[PDB]
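Notes to accompany the following structure.
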Amino acid sequence: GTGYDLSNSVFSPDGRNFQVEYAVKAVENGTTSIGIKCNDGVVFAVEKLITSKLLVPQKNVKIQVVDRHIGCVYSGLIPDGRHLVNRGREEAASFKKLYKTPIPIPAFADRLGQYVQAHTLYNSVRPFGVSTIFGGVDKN
Amino acid sequence: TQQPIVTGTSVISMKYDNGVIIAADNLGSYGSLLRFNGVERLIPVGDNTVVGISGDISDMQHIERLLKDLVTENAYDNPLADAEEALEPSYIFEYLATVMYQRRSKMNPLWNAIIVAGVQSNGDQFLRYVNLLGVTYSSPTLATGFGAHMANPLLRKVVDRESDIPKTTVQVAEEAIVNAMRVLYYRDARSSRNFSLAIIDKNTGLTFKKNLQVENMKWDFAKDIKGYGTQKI
């Protein structure tokens, strides 16, 4: 039948999860942002559409920092992106507190990953409406 | 409720015309055993505040971690983190004081005596104390533990009241503090010769001096003292 796209964790007959795919549409509809990996670091940059002359220039910042070595930028539903960073920040604080060493990038990636994947497991939550580019420099 | 195991002794400080000075030896005592000697008990936060901690070292290390986090957190979504919206000494203190009182109020204190020294953004000198009971107070000079009994009397001879601050120079001040550290070395049995000293000046910024030593000690007269009353040789 149909309706496989109305509840978040439901598998459609072809093995897909339409709500996540619709979340992607929200992402593609957003500002463009990128990340370039260099020989000893990473660069983040994003497009900030000027709706009007009323927007105080340089004020509505988008790039977000996690801990002191991670940078995060995203496209899509901005509020969702902040939510995801708030989580990443806790995730990082928790890691440092137990292991002392600030969180390795890969480790941090999975923290964000598992949390996001979690929102595709239940119909009582909505998937994140953002694709996020993040990174930093760590032990190696 | 607990009891302190590894401890740090006095933390002395005072304020002069352009800033504040704070010092603390580098000893980590374990009862009467002078166990550790590379213990820094002056916690710098940013470039306008220095936190001197005495008491339980394990709790001090915890307070240290709290402070590093306060810095990290303040930097989040804060484009003025290194300017208008940087951590002020008064912010750092009110935070720690809040924590100290909440802990004593839950009957599980952080066994310390803390002195937050620094210079506010408007140039004002900041010097306030907080301990395990959550008690707080300010004075032109402040010392914890033994320094309260021996350092304050000496330091108060330089700055007895408020009006004496502008009249006091970095040199006069640093001298008083360095002499106090020597006195404490003479009579405090849980003190070390090595110590750190930090100056926070509204012009020169934060100067953190490590590995200082008490010098110019008088010990010669000891030779002339024999017996405990009637002995002559």
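Positions of Cβ are generated from backbone atoms using ideal geometry, with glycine treated the same way; all protein chains shown enter the neighbour counts. Derivation of every value follows stated rules applied to the coordinates shown; laboratory data play no part.
Worth a mention:
- The single condition from (1) part of a loop (DSSP other than H, G, I, E, B); (2) more than 14 Å from chain A (Cβ to nearest Cβ); (3) farther than 18 Å from B:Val51 by Cβ that B:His149 fails is (1).
- Test: residue in the stretch A:123-134 that is away from chain B (no Cβ under 12 Å), of a type in the set (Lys, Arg) and either in a helix (DSSP H, G or I) or over 20 Å from A:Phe44 (Cα atoms) (or both): yes
- Of the listed requirements (1) more than 17 Å from the chain's Cα centre (by Cα); (2) within 14 Å of another protein chain (Cβ to nearest Cβ), A:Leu55 misses just one: (2).
- Residues that are farther than 18 Å from A:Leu77 by Cβ and of a type in the set (A, V, I, L, M), drawn from the stretch A:1-38: A:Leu6, A:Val10, A:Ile34, A:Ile36
- Residues that are outside any helix (DSSP H, G or I), away from chain B (no Cβ under 12 Å) and either of a type outside the set (S, T, N, Q) or farther than 19 Å from B:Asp69 by Cα (or both), drawn from the stretch A:72-102: A:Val73, A:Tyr74, A:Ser75, A:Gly76, A:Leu77
- Any hit, the stretch B:17-34, residues being among the hydroxyl-bearing types (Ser, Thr, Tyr), surrounded by fewer than 20 Cβ atoms within 10 Å (Cβ to Cβ) and either closer than 20 Å to B:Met100 by Cβ or under 12 Å from the mean Cα position of the chain (by Cα) (or both): no
- Criterion applied to B:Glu94, B:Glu85 was being without any contact (Cβ under 8 Å) to a residue 24 or more places away in the chain and either in contact with a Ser or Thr (Cβ under 6 Å, 6 or more places away or on another chain) or not in a loop (DSSP other than H, G, I, E, B) (or both), and the one residue passing it is B:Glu94.
- Residues that are among the small types (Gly, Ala, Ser), away from every other protein chain (no Cβ under 13 Å) and out of contact with any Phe, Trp or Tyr (no Cβ under 9 Å at 6 or more places or on another chain), drawn from the stretch B:81-115: B:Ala83, B:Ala86, B:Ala97, B:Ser105
- Residue match in the stretch B:2-9 (condition: exposed (fewer than 14 other Cβ atoms within 10 Å of the Cβ) and under 30 Å from A:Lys62 (Cα atoms)): no
- Matching option when the condition is in contact with a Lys or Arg (Cβ under 6 Å, 6 or more places away or on another chain) and either β-branched (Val, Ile, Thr) or closer than 28 Å to B:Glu174 by Cβ (or both), among B:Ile22, B:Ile63, B:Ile53, B:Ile5: B:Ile53
- Residues satisfying the stated conditions in the stretch B:103-147, i.e. surrounded by fewer than 21 Cβ atoms within 10 Å (Cβ to Cβ) and either of a type in the set (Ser, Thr, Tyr) or without any contact (Cβ under 8 Å) to a residue 24 or more places away in the chain (or both): B:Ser105, B:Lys106, B:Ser121, B:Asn122, B:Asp124, B:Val135, B:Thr136, B:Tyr137, B:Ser138, B:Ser139
Here's the yes/no breakdown for (1) surrounded by 11 or more Cβ atoms within 10 Å (Cβ to Cβ); (2) farther than 21 Å from A:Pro127 by Cβ; (3) within 13 Å of chain B (Cβ to nearest Cβ):
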| position | (1), (2), (3) |
| --- | --- |
| A:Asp14 | no, no, no |
| A:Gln19 | yes, no, no |
| A:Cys38 | no, yes, no |
| A:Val46 | yes, yes, no |
| A:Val61 | yes, yes, yes |
| A:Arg68 | yes, yes, yes |
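- For the stretch B:60-80, the count of residues that are in a loop (DSSP other than H, G, I, E, B), more than 14 Å from chain A (Cβ to nearest Cβ) and surrounded by 15 or more Cβ atoms within 10 Å (Cβ to Cβ) is zero.
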